[PDB]
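# Enclosed are the sequence and the experimentally obtained structure.
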Amino acid sequence: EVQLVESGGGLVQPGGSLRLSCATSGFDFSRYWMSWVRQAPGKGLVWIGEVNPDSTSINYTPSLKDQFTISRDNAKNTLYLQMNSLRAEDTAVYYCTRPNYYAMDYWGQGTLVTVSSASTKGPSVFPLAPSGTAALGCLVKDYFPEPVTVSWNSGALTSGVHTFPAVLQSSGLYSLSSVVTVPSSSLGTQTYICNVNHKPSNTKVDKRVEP
Amino acid sequence: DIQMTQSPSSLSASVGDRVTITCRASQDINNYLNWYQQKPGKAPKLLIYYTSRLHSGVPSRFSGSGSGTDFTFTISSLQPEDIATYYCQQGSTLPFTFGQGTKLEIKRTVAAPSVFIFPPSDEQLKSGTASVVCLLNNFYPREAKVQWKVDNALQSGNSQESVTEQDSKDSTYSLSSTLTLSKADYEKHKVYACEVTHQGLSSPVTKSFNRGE
């Protein structure tokens, strides 16, 4: 099926620059128009612009034409987004989309870009041990910027999972917890592991959570 | 640039209800109007294109109508998995523009939280810090009170709350409260308790542990 994966996100200094990439699979990229859409935290969707297959037509939202440059590499089936002189108002999740019919029929999971003068920090992962239904989880503490993604047993366990929105501590670092309710009879038999990923610091932790 | 206006901005409805959302274009856009769904913490998904054409795999209970400047999006029978923000988008003139979105919430029956307490791990205590987590699982409505008690004495600081969005299967909320102390302060006391107040509870529920057990 159609796959769209955004990368190159993360922390950027005010006035700084960053380049985003959208790697694709499942279709002949060279035959489609490709687009970028952004969304600031808790806000609506904003169209950035589009690029045609042979790169002869590149269209933007007039207010954003100075901060962005869209390009593509058909040989590598990759879409690019060059971001220039970034402001706090540019902090957003950047989505790679595929124009079809137009309408946008496929969207990537998006990549969050954070515009701040602060520095990148990797988190610490601690277990929340279980002690008919039992609760267990993971505490992901002291990281910057957002986001961290949490999965359980490499995505095999999804029912009863709640990953809480991150809370900004007094230190300036984010912290969150991810929890799961499971059968209490499976606590001595089944293995539970939280898979924590903090892409800005490139931190990958697999924590075994045992009673 | 074409201005896209959505109404209502927000709405609450019950499972089984018929829901209608309107989209208004600042000028005539013919039938070049699309509708996207954005479920909590997920990327947007195409539902309807060209005013009324259903995208592949989209539930049959969804439909679109209208022409020119006025359009309508309809859910014939509301289901728990419809908790989301819905966006209309014009594809008539450049730059393509979106509506500001309609947040759809689910009204349901009272549900009491399941309450769980988590002592700090032996690993965290090595770094000289202690985090105590209180979990309020799957409750309705959102309004809930949590009090921390250390040796039956109320805590007047160093706790933080986090709340999830409505669950896609049962329309419930979940809440975490985290109490953070230094290992020194943590080792000064024995009983750690979190007291929970909620509409679904006849009286406050307390979950506790003794440090070391």
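That came in fine, so what should we check first? Numbers count the residues shown, from 1 in each chain, chains lettered A, B, ... in the order given.
# okay, which residue is most central for chain B?
Nearest to the mean C-alpha position of chain B, by Cα atoms, centre = their mean, lies residue B:165 at 1.3 Å.
# what helix or strand is that residue on?
Using DSSP states H and E, residue B:165 is not contained in any helix or strand.
# Please name the nearest non-neighbouring residue to it.
Nearest residue to residue B:165, sequence neighbours excluded (Cβ to Cβ, 6 or more residues apart in numbering or on different chains): residue B:40, at 3.8 Å. Quick note: C-beta positions are derived from backbone N, CA and C, even for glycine.
# For residue 186, grab phi and psi.
You didn't pick a chain, so chain A it is. Torsion angles at residue A:186 (phi, psi; degrees, to the nearest 10) stand at phi -90, psi -10.
# actually chain B
phi -60, psi -40.
# Would you enumerate the residues in contact with it?
Shown here is residue B:186, whose contacts under the criterion Cβ atoms under 8 Å, 6 or more residues apart in numbering or on different chains are B:120, B:125, B:130, B:211.
# center of chain A - which residue?
Central residue check for chain A by Cα atoms, centre = their mean: the C-alpha nearest the mean position is that of residue A:111, 4.0 Å away.
# correct me, but it touches residue A:6?
Yes. When contacts are counted by Cβ atoms under 8 Å, residue A:111 is listed as touching residue A:6 (3.9 Å).
# what residues do the two have in common as contacts?
Joint contacts of residue A:111 and residue A:6 (Cβ under 8 Å, 6+ apart) are A:20, A:94.
# Contact partners for residue A:134?
Residue A:134 neighbours (Cβ under 8 Å, 6+ apart): A:181, A:182, A:183, A:184, A:187.
# Do I have it right that the residue nearest to the centre of chain B meets residue B:39?
No. Look at residue B:165 against residue B:39 with Cβ under 8 Å: they stay out of range, at 9.0 Å.
# any residues in contact with both of these two?
Common neighbours of residue B:165 and residue B:39 are listed as residue B:83 (criterion: Cβ under 8 Å, 6+ apart).
# can you list the domains in chain B?
Chain B resolves into domains spanning B:1-108, B:109-211 when parsed by curated CATH domains.
# distance between the ends of the first one?
Meaning domain B:1-108. Its start and end residues considered, domain B:1-108 measures 40 Å (Cα to Cα, to the nearest Å).
# Now do the contacts for residue B:119.
A:129, A:131, B:132, B:192, B:209, B:211.
# I'd say the last one and residue B:192 touch.
Just to be clear, that refers to residue B:211. Yes. With contact defined as Cβ under 8 Å, residue B:211 reaches residue B:192; the gap is 6.6 Å.
# With neighbour numbers in mind, choose between the two.
More crowded of residue B:211 and residue B:192, by other Cβ atoms under 10 Å in any protein chain shown: residue B:192, with 25 against 16.
# hmm, back to that, so which of the contacts of residue A:134 are also by chain B?
Counting by Cβ under 8 Å from any Cβ of the partner chain, the subset of those that neighbours chain B consists of residue A:181.
# Export the contacts of residue A:134 to CSV and append columns for secondary structure and neighbour count.
Shown next, in CSV, are the contacts of residue A:134 (DSSP: H, G, I helix; E, B strand; the rest coil; neighbours: other Cβ atoms under 10 Å in any protein chain shown):
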residue, secondary structure, neighbour count
A:181, strand, 21
A:182, strand, 19
A:183, strand, 12
A:184, helix, 13
A:187, coil, 16
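# got a list of what residue B:199 touches?
With Cβ under 8 Å, 6+ apart, residue B:199 has these contacts: B:110, B:141, B:143.
# I meant residue B:197, not that one.
Neighbour list for residue B:197: B:144, B:145, B:146, B:147, B:204 [criterion: Cβ under 8 Å, 6+ apart].
# Quick check: beta-bridge partners of it?
Following DSSP bridges, residue B:197 is listed with bridge partners residue B:145.
# and what of residue A:46?
On the basis of DSSP bridges, residue A:46 is bridged to residue A:38.
# OK, contacts around it?
By Cβ under 8 Å, 6+ apart, residue A:46 lies in contact with A:37, A:38, A:39, A:40, A:61, A:64, A:92, B:98.
# Turn the domains of chain B into CSV, including distance to residue A:142.
What follows is these, written out as CSV (distance: least, Cβ to Cβ, whole Å):
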stretch, distance to residue A:142
domain B:1-108, 22
domain B:109-211, 9
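# So residue A:52 versus chain B, what's the distance?
According to Cβ to the nearest Cβ, to the nearest Å, residue A:52 stands 12 Å off from chain B.
# give the contact list for the closest residue to that residue other than its chain neighbours.
Closest residue to residue A:52 apart from its sequence neighbours, by Cβ to Cβ, 6+ apart: residue A:33 at 5.3 Å. Shown in contact with residue A:33 (Cβ under 8 Å, 6+ apart): A:50, A:51, A:52, A:53, A:99, A:102.
# Distance of residue A:33 relative to chain B?
Note on residue A:33: its distance to chain B, by Cβ to the nearest Cβ, is 11 Å.
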